[PDB]
Structure formats: structure tokens, C-alpha cells
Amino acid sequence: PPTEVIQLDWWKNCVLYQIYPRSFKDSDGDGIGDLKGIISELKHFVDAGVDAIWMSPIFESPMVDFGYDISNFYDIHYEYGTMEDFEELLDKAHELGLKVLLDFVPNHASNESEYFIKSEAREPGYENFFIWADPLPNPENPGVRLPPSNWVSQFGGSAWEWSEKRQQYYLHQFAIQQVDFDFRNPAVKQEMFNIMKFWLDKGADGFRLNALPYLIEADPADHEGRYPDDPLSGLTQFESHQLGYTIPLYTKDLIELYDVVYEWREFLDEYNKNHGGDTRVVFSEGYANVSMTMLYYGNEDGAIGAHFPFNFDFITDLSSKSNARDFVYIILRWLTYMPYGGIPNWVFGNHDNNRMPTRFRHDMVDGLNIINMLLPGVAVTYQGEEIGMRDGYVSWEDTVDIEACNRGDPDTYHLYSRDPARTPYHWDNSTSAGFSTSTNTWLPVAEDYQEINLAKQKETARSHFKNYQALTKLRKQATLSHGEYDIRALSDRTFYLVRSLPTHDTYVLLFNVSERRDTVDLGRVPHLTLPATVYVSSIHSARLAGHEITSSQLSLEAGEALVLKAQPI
């Protein structure tokens, strides 16, 4: 008979959906998505088979970086709604069985925060809240003010801004208006516990931890009392105001940042012990090399950090230039490097990167969602991947991403702009794809909404959405929660992923990631006994769900993906 299995803790195999609240659902016609919008479509997550939602920032913000510049970490941004709307969202989401995670932005605060206003004024308790530094002594040319170091902002220009009021530079690794906290300040670290405790006390199930690689910079005590220059990249194409001019040796991935993360986890473990109910969790966001990335989980010496760091490998290391061997070899990187008992996770997109079908190909949407849902651990979905949304066209004139406005111009803005991945969600074929009742939206609705929208995918017989639902349904099967995984390339074109578990059904992904047809021998696929049944097929496959596979020779079209259901091992 099929063996009994114990249910995993929710966070070990959740489908996690990232909401970009500004682009999800406008409830009031201002062209701006809001909490009442999210509340009205919470049923969408149940329908989709999502377990957990994480929202991009909803806290009081001047919106310079659309929420990542927070002026009050304890209240809701007025365009999105009120604290009461937030409490209603949690209550309704929890009533539906969903978990809700918030975007925690610990690195930096708005220059409109009381933190920064108090700090610029050298108020007791706040004077050393941020990184304040003197001009670099300029004995040659003493009438010329030099910044503390050559450090470059992620958004272009110096990371140092002169304060006329304080007569000192402050550090901003992001926008001039995003001021870096001093994470060597015990008062700063205590304020971070206070912010997390507040939202946990409201009933948040956890947090996405933003931009952790930038937390800590070089102590001038270690550099003869100056901020040390970052080494030069030596790349001819970058001048001193351009991101790439430096290698961030003193400004990114400092070992001390991880001690802050392990302190957060210690705080969270204590909170969970003292509140019970379902485990509250932290997922860390940082782009770094595999070694620095795995230190977020914990270290050799027994430190425990984030429940997991996000795996951005499907954003940074795979694309439409990748073959089946590339896919397998990148999937193996997380599984080879992850610490013993670490929980794997998979991310195909977010609000900072081109949409999944734009980075890959429109014909690859189903295969990519299948990989996400069938790999062991946690599937992460970015708003619109469940319906195969493409980047929207955004003109220079409609561009509002500070990164593009700062680093770019009319000819180069598209190199930097994150706006094409933030265009409003495609609910239906109504005005503005049902995002808003208005033709005025904060970013232009993508031109293809008549072809790519949720309502159409629910009506039509075969759709990206229906495939999404069938895969999130399959994750409730013991073979996907508890089963072994085997992954290998059959050719440069096609790989398999097999989930198997004695006495339970076997499930096999076959994915042709290439631009050409491929014929493979299913005899090489471990645990695949024929005949087998198509469980899911890409929307243009020759095979419909229910199709029986009887021959060992299988021809796949470019982009074609199948999930087969086979008799138990």
C-alpha cells in the first residue's frame, strides 16, 4: 500500500508568491494598486494553489524607490491604504489558510524618516544611527572637498552625500534618499528587533530581508582612521560615477553582516518559542557568489541564519542562451553547495529583473513553472509568471525607476530600468487589463494583455494558469513533498527531473529547452516504467493531459515540456 508520510512544516515546501502591490490590483481608480485590491483577490492565491504571499514594501514611503525608501517602518503607505486595511488583509488571508510575509528593509531609511531627521541634527540617541564621515583631508588643494572614499552607489554617483546642516557626508549605497544605518550601533540593531516584533505582533508570518550584502562596510578603525577606497575594476567602459568602476571589497559581503542575520534568527527562534502557532520565518535577499550566499543559512561553527537565502540562479546564470546541460548544472549548484538539512528554493523572477518568458522564450513558460514546482523545496512565483506575463514596453517618458533615471538616458535607460517587470497585472481583457477601471495607470499596461490575461486562461481549455494549478495541486502528493529527486541531461536539448518514492506514483519532467526538436530514449529515465500518462503538457504540446506514452522513443518540439505520471517504484 502507499506509505503514510508526516506533513512538512509549512515553510519547507510552500509555494511562495511575490506580490508587487503597486501593480497587482487597483480598487479605487487612481492607477495605483492597493491593499483593498489585494484583499479583493486573496481568493486568487487559493485558486492558484499558493501557500504564502510576500508583499514588496507597503510602509510609509516618499516612493523615490517605490517603497524601499521607508519614512515610517510602523505604518502603511497612504496610496496602498491604512493599518486597518492591513489588519483586514492579514485576517482575511489567515482565514483562507494563507501565510503573509512583509518586505523588511533593514539596510537603509528614507531621508524623510524621523531616524534621519534626528541623526542629521545630532539628536542624542540618533547622531550615530547612520554612517557619517568627514571629507578626506586634501592638503594638496585645501579649498577642494573630497568624499571619504571612491565608493559608488548601486544607483550611480558617489555613495557619499554632503549634508550642509551636519557638515558631514552620509553613506547611501542606494539613492541619495536611502541612508545606510550603522549596523555597528547596538541602538540600530535593537530598532530592527523592535520593527520585526511590531509586525509579528500584528500577525505577520515572517519577512523577506532586503539587500543584506550591503549591511556593513569597512570600519575606518581598520584603515588608519579613513574609509578605504574600494579597489578599481580596471574596466575601460566605467568612469568613477558609474557602477562597475569599483570592486565592492569594503562595501559588500562583509563577514560581520552574517552575525546580524544569525542575531535576527536567534530573536525569531525566541519569538516562535514564546508565541507558538505556526513558525514565523525569514527569507534573505542577496545577490552574491555561492559561498557568500550559503553563509545566510548558517556556518560550519553551528550558526543558524535565514530559513533560506533566495536562489537567484534562474535569473543570474540561465537564460534563452542556456542548453539542457546548463539547466542541470545550475540546478546542481544549489543542491551541491547548500548545507546539510538546508531547504532548497527556486526563484524565476522578481520586481528587479526581466520577466521569466522575456529572459527565456514565450514557448518555455510551462517547462519553467514545472521546474519550479517539481524541484525539491520551495517554489517562488513572481506576480504574472502563473499566466506567462512578458516585460511591458516602457518609454523613457513613462520610466519612473530611480535606477534608470539615475544611471540612464533616452539611449541607455532600458539597460537599467526594472519598470518593464512592474507593469500592471493582466486580470482580463477589460480597460487596463482589469488592473484598474481607469486608462491612467502608474506604469503602462503591456500591449499584449488581450492575448495574455488570467480570465482568458481560466476560460480556454489549455493555459499557463491551468498548468500552474495542476502543478501546485501535484505538490500535495507525497512524491513531491517527500520523494527523491534525480536530474540529468538526455542531450544538449532535453533534460529529465524525476520525483520518486517507494509505493507512490513517479512523476517525470521532460523539457526540451532548445530551439530544435529532440528525440530521446525514455529507457534512460530512471524509475520511468511505460506505459505512462501525461499529467501536464505545455500549452502547444501534441500531447493532452491523459495522453498515454507507450513508445520508448519520444520526440519533443522546441520548448515542449511534459509531466508524466508512472506506476510506483
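Residue positions are given as counts along the sequence shown, with the first one as 1.
In this entry, 529 to 537 shows the higher mean Cα temperature factor of the pair 529 to 537 and 42 to 50. The deposited model assigns a higher average Cα B-factor to 298 to 306 than to the other stretch when 256 to 264 and 298 to 306 are compared. Per the deposited record, 137 carries the highest C-alpha B-factor of all listed residues (186, 156, 384, 137). Per the PDB record, 440 has a higher Cα B-factor than any other of 440, 336, 319, 453. Per the PDB record, residue ranking by Cα B-factor puts residue 457 in the middle third of the chain.
Sorting the modelled residues of the chain by their CA temperature factor places residue 429 in the highest third. The PDB entry assigns residue 547 a C-alpha temperature factor belonging to the highest third of its chain's modelled residues. Sorting the modelled residues of the chain by their CA temperature factor places residue 192 in the middle third. Sort the modelled residues of the chain by CA B factor and residue 18 lands in the lowest third.
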